[PDB]
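Just below is one structure, and these are the notes that go with it.
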There are 2 protein chains.
Amino acid sequence: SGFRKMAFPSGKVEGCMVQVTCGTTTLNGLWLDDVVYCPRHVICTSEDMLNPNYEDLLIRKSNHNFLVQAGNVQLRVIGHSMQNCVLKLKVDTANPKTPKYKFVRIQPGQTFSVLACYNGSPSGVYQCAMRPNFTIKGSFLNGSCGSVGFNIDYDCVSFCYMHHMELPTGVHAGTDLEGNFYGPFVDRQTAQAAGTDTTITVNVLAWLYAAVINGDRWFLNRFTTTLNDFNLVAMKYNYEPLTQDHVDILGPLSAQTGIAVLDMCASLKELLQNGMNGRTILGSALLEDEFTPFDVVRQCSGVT
Amino acid sequence: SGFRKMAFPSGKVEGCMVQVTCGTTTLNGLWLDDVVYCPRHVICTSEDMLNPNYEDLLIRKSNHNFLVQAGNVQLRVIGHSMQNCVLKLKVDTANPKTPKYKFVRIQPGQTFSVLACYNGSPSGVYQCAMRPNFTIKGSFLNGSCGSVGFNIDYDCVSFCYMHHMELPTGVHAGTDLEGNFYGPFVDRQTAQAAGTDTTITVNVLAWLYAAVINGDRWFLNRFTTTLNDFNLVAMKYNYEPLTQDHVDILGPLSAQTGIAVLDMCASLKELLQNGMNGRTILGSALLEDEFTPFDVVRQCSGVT
Ligand SMILES: Cc1ccncc1NC(=O)Cn1ccc2ccc(Cl)cc21
Ligand SMILES: Cc1ccncc1NC(=O)Cn1ccc2ccc(Cl)cc21
């Protein structure tokens, strides 16, 4: 019992974190096999960020200009290439701590763990969600660039995010491990406003199922609804539209609890229309949307 | 920017987790040097839990009855002893992944990270606080016993908690690494109700300072208060009394923000008396009390 915002164990990713310095800029790198991945803005000065021409800036850089330090030892850089917004630094030594891994590009609403690092050293781990506006609400300071987001399935680490920047509104933007930004963000110090941060409805329903499994049942009502009726309410509250795909993904939670998905939708509808009335659900006074149905099943079954 | 419930990186603790089986009971063990620490109820059957005599039960156990598996390899048990509510299993091999460590007994209000494990394997990491009633609001299922709580200062892991049980109310009870329970709990399947779960006032104030540092300032008011006036309000709301020791610990946050501790107390007083009025602070609709002043400074400065 109990339901917590849980992150994946971070050891497998800690063994990959390195420090990358180019000139006067130091950020984090991810060392997998004989390649170190890092944000391409490591080649920039803060002045360059206003309007950087990365191909032109990169011409003035050689293998020896990229200083890569793993723990306290220096890695020898034998190649460097730019792939979208990330630099790939080929080193002469394969990372002995390389776990089994994949690079995946996640969709909005999907959750992942972040290992926040500074100077190649881990500071902490927390759980995030890729927002519907393709930002993440992380906790990052200057020097955190290159910190990565990931999921783990038994022994395989699926890297899904690399941190690049903070928007003027304090939210965060970054890329997948192929260097493609999530959303329309660009790695330049320019006006980049985020779109509407809508609520991930399917995750809120998953979290309502987690609450029922853990004993918080006060919000269960005598009503049901339809996908179309629910979605009218969800539109009004800036909630993502619920699809039959989402209903299907909630199937196992519906089966475990004996509460039909549409009945839970009706509970969520009343919660949206009437609020919590000073009450809490899983220790929260708001509707949590950063647990997917898979995270709920995982945490409620104890997958390791 | 951004403020998250952040856990310590868990790698150093993952390298210590082992599986301990005695008869038909399997739980987690913590392997440090040549000793494996685990809850003493590993020697019990579920029937034994109603009224166990641990010294008597332990007499029927020999070194070979404790099966300790680290990853997929078996550790040889050359000694076993009971220290309070934990068993110490001396093995013939020192854990090669033993980090620098200490055993500390924390006080209520102090926070720590939990590496939840099942069958000696890590499932996730989350941040906890030792409640004022000496329970923890964790996320643990059957088989999680032996999962540990810890803090890290650069390279030293301070182990502070080992999970033992869930109370009938879904809250959790456990010991320090010397086997002494936090609070008045005993390792027996008996009626154990928890005392009042009061709010950790000093942590709420630390989190209000974190909110100001991150831009959430709507709750700052034109008022001040005194320790005695504040404490009258704190009593009314089941908040822990604020001492001059707590004011002193908040000093660095007061200095960074330029907001006197008593002025922040007055903001907290109005928040208690008037509620949030449907507004949020650091994405929360309630007053968060599981960040200490040290956690706020740490996260807001980027200590690794
Ligand atoms: C300071 C901080 C806090 C949290 N997370 C990241 C950062 N760092 C930055 O944002 C660095 N940086 C500055 C201008 C700019 C433009 C584009 C890009 Cl990609 C990076 C940029
Ligand atoms: C099931 C579960 C979920 C979460 N956290 C822990 C557990 N396991 C237990 O509580 C096991 N167990 C059962 C009876 C009893 C009495 C005393 C003690 Cl020490 C352990 C006891």
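Numbering starts fresh at 1 for the residues of each chain in the structure tokens, the chains themselves are lettered A, B, ... in the order given, and ligands are numbered from 1 as they appear.
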
> Which residues, written as number ranges by chain, have at least one atom at most 9 Å from residue 299 of chain A, with only C-alpha atoms counted and residues fewer than 5 positions away on the same chain left out?
Replying inline: A: 3-4, 6, 294; B: 123-124, 139-141

Produce a file of the selected residues containing C-alpha atoms, as a PDB file, in the first residue's frame.
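The resulting file, result_1.pdb, is reproduced below:
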ATOM      1  CA  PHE A   3       1.416   5.395  -3.751  1.00  0.00           C
ATOM      2  CA  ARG A   4       4.472   7.507  -4.462  1.00  0.00           C
ATOM      3  CA  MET A   6       8.567   6.846  -7.994  1.00  0.00           C
ATOM      4  CA  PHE A 294       1.702   1.276 -16.978  1.00  0.00           C
TER       5      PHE A 294
ATOM      6  CA  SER B 123      11.999  -1.497  -8.365  1.00  0.00           C
ATOM      7  CA  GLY B 124      12.131   2.249  -7.712  1.00  0.00           C
ATOM      8  CA  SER B 139       5.022   2.713  -1.267  1.00  0.00           C
ATOM      9  CA  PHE B 140       5.704  -0.840  -0.264  1.00  0.00           C
ATOM     10  CA  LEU B 141       4.091  -4.194  -1.128  1.00  0.00           C
TER      11      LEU B 141
END

>> Neighbours of ligand 1 at 8 Å or closer, counting only C-alpha atoms and all ligand atoms: which residues, as number ranges by chain?
In response: A: 39, 41, 46, 49-50, 139-145, 163-167, 170, 172-174, 186-190; B: 1

> In segment 91-288 of chain B, what's helix (DSSP H, G or I) per DSSP? Answer as JSON, numbers by chain?
Replying inline: {"B": [201, 202, 203, 204, 205, 206, 207, 208, 209, 210, 211, 212, 213, 227, 228, 229, 230, 231, 232, 233, 234, 235, 236, 244, 245, 246, 247, 248, 249, 251, 252, 253, 254, 255, 256, 257, 261, 262, 263, 264, 265, 266, 267, 268, 269, 270, 271, 272, 273, 274]}

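Remark: for residue 300 of chain B, the closest of the candidate residues B:238, B:69, B:280, B:214 is B:214 (distances computed over only C-alpha atoms).
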
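Minimum distance to residue 264 of chain A across A:89, A:220, A:129, A:286 (counting only C-alpha atoms) occurs at A:220.
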
>> Set the distance at 8 Å and use only C-alpha atoms: which residues neighbour residue 68 of chain A once local chain neighbours fewer than 4 positions away are removed? I'd like the list as a PyMOL selection string.
In response: chain A and resi 18-21+74-77

Would you export the selected residues with N, CA, C and O atoms as a compact mmCIF listing (two decimals), in the first residue's frame, please?
# COMPACT_ATOMS: atom_id res chain seq x y z
N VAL A 18 29.19 11.58 -17.74
CA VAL A 18 30.52 12.17 -17.90
C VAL A 18 30.41 13.70 -18.00
O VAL A 18 29.32 14.24 -18.21
N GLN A 19 31.54 14.38 -17.85
CA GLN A 19 31.60 15.82 -17.95
C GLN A 19 32.18 16.16 -19.30
O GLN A 19 33.21 15.62 -19.68
N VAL A 20 31.53 17.08 -20.02
CA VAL A 20 32.05 17.51 -21.32
C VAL A 20 32.34 19.00 -21.24
O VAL A 20 31.46 19.77 -20.87
N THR A 21 33.55 19.40 -21.60
CA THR A 21 33.93 20.80 -21.60
C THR A 21 34.44 21.15 -22.96
O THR A 21 35.22 20.40 -23.53
N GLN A 74 40.40 11.21 -17.79
CA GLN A 74 40.19 11.80 -19.07
C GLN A 74 40.03 10.78 -20.19
O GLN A 74 40.81 9.84 -20.30
N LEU A 75 38.99 10.97 -21.02
CA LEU A 75 38.74 10.12 -22.18
C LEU A 75 39.35 10.79 -23.39
O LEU A 75 39.31 12.02 -23.52
N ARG A 76 39.89 9.98 -24.29
CA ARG A 76 40.54 10.48 -25.49
C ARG A 76 39.50 10.54 -26.57
O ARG A 76 38.89 9.53 -26.86
N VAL A 77 39.30 11.72 -27.17
CA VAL A 77 38.31 11.93 -28.22
C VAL A 77 38.94 11.73 -29.60
O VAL A 77 39.80 12.52 -30.02

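Comparing the minimum interatomic distances between chain A and each of B:263, B:48, B:153, B:248, counting only C-alpha atoms, we find that B:153 sits nearest.
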
Non-local contacts of residue 267 of chain A (9 Å; only C-alpha atoms; under 6 positions in same chain excluded) as a PDB file with N, CA, C and O atoms, in the first residue's frame:
ATOM      1  N   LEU A 208      -6.505   7.706 -10.424  1.00  0.00           N
ATOM      2  CA  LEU A 208      -7.749   7.458  -9.696  1.00  0.00           C
ATOM      3  C   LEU A 208      -7.895   5.945  -9.432  1.00  0.00           C
ATOM      4  O   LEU A 208      -8.283   5.543  -8.337  1.00  0.00           O
ATOM      5  N   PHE A 219     -14.282   9.597  -3.751  1.00  0.00           N
ATOM      6  CA  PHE A 219     -14.685  10.238  -5.004  1.00  0.00           C
ATOM      7  C   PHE A 219     -15.473   9.317  -5.943  1.00  0.00           C
ATOM      8  O   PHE A 219     -15.916   9.773  -6.991  1.00  0.00           O
ATOM      9  N   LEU A 220     -15.601   8.022  -5.608  1.00  0.00           N
ATOM     10  CA  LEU A 220     -16.385   7.117  -6.435  1.00  0.00           C
ATOM     11  C   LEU A 220     -17.854   7.491  -6.285  1.00  0.00           C
ATOM     12  O   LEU A 220     -18.335   7.666  -5.162  1.00  0.00           O
ATOM     13  N   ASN A 221     -18.541   7.698  -7.401  1.00  0.00           N
ATOM     14  CA  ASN A 221     -19.939   8.095  -7.347  1.00  0.00           C
ATOM     15  C   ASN A 221     -20.876   7.050  -7.964  1.00  0.00           C
ATOM     16  O   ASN A 221     -20.443   5.978  -8.376  1.00  0.00           O
ATOM     17  N   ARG A 222     -22.170   7.359  -7.984  1.00  0.00           N
ATOM     18  CA  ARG A 222     -23.214   6.507  -8.535  1.00  0.00           C
ATOM     19  C   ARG A 222     -23.441   6.736 -10.034  1.00  0.00           C
ATOM     20  O   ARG A 222     -24.466   6.295 -10.554  1.00  0.00           O
ATOM     21  N   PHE A 223     -22.536   7.440 -10.722  1.00  0.00           N
ATOM     22  CA  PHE A 223     -22.759   7.804 -12.114  1.00  0.00           C
ATOM     23  C   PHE A 223     -21.868   7.089 -13.122  1.00  0.00           C
ATOM     24  O   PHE A 223     -20.826   6.509 -12.795  1.00  0.00           O
ATOM     25  N   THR A 224     -22.283   7.178 -14.369  1.00  0.00           N
ATOM     26  CA  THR A 224     -21.494   6.765 -15.497  1.00  0.00           C
ATOM     27  C   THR A 224     -21.575   7.910 -16.532  1.00  0.00           C
ATOM     28  O   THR A 224     -22.243   8.927 -16.300  1.00  0.00           O
TER      29      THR A 224
END

>> Quick one: residues within 8 Å of residue 288 of chain A, only C-alpha atoms, excluding same-chain residues fewer than 6 positions away - as a ChimeraX atom specification?
In response: /A:203-204,207

For those residues, write C-alpha atoms to a file as a PDB file, in the first residue's frame.
ATOM      1  CA  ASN A 203      -2.913   9.411 -16.530  1.00  0.00           C
ATOM      2  CA  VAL A 204      -5.387  11.117 -14.157  1.00  0.00           C
ATOM      3  CA  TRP A 207      -4.040   7.626 -10.746  1.00  0.00           C
TER       4      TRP A 207
END

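Here the question is which of A:182, A:237, A:31, A:154 gets nearest to residue 298 of chain A using only C-alpha atoms, and that residue is A:154.
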
> Residues at most 8 Å from residue 202 of chain A, counting only C-alpha atoms, excluding those fewer than 5 positions away in the same chain, as a ChimeraX atom specification?
Replying inline: /A:242,246-247,250,289,292-293

> Residues at most 6 Å from segment 100-106 of chain B, counting only C-alpha atoms, excluding those fewer than 4 positions away in the same chain, as a PyMOL selection string?
Replying inline: chain B and resi 156-160+176-177

Go ahead and write the selection's residues with N, CA and C atoms as a PDB file, in the first residue's frame.
ATOM      1  N   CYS B 156      29.492   9.442   0.842  1.00  0.00           N
ATOM      2  CA  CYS B 156      29.107   8.656   2.011  1.00  0.00           C
ATOM      3  C   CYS B 156      27.602   8.449   2.098  1.00  0.00           C
ATOM      4  N   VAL B 157      27.168   7.181   2.108  1.00  0.00           N
ATOM      5  CA  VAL B 157      25.755   6.827   2.237  1.00  0.00           C
ATOM      6  C   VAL B 157      25.431   6.670   3.714  1.00  0.00           C
ATOM      7  N   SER B 158      24.510   7.470   4.242  1.00  0.00           N
ATOM      8  CA  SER B 158      24.080   7.348   5.627  1.00  0.00           C
ATOM      9  C   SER B 158      22.779   6.579   5.602  1.00  0.00           C
ATOM     10  N   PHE B 159      22.820   5.300   5.972  1.00  0.00           N
ATOM     11  CA  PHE B 159      21.610   4.488   6.013  1.00  0.00           C
ATOM     12  C   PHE B 159      20.839   4.826   7.267  1.00  0.00           C
ATOM     13  N   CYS B 160      19.560   5.140   7.118  1.00  0.00           N
ATOM     14  CA  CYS B 160      18.753   5.555   8.259  1.00  0.00           C
ATOM     15  C   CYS B 160      17.520   4.751   8.494  1.00  0.00           C
ATOM     16  N   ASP B 176      15.985   1.723  12.391  1.00  0.00           N
ATOM     17  CA  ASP B 176      17.260   2.237  11.915  1.00  0.00           C
ATOM     18  C   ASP B 176      18.119   0.934  11.592  1.00  0.00           C
ATOM     19  N   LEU B 177      19.374   1.094  11.167  1.00  0.00           N
ATOM     20  CA  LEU B 177      20.193  -0.076  10.790  1.00  0.00           C
ATOM     21  C   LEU B 177      20.792  -0.817  12.012  1.00  0.00           C
TER      22      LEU B 177
END

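If you measure from each of B:151, B:133, B:244, B:254 to chain A using only C-alpha atoms, the closest one turns out to be B:151.
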
>> What parts of segment 20-258 of chain A does DSSP call strand (DSSP E or B)? I'd like the answer as a ChimeraX atom specification.
In response: /A:20-22,25-32,35-39,66-70,73-75,77-83,86-91,100-103,111-118,121-129,136,148-153,156-166,172-175,181,199,239

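Using only C-alpha atoms and all ligand atoms, the nearest neighbour of ligand 2 within the list A:15, A:47, A:284, A:302 is A:302.
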
> So how far away is atom CA of residue 253 of chain B from atom CA of residue 209 of chain B, in Å?
Replying inline: 6.3 Å

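Put simply, atom CA of residue 162 of chain B is 5.5 Å away from atom CA of residue 146 of chain B.
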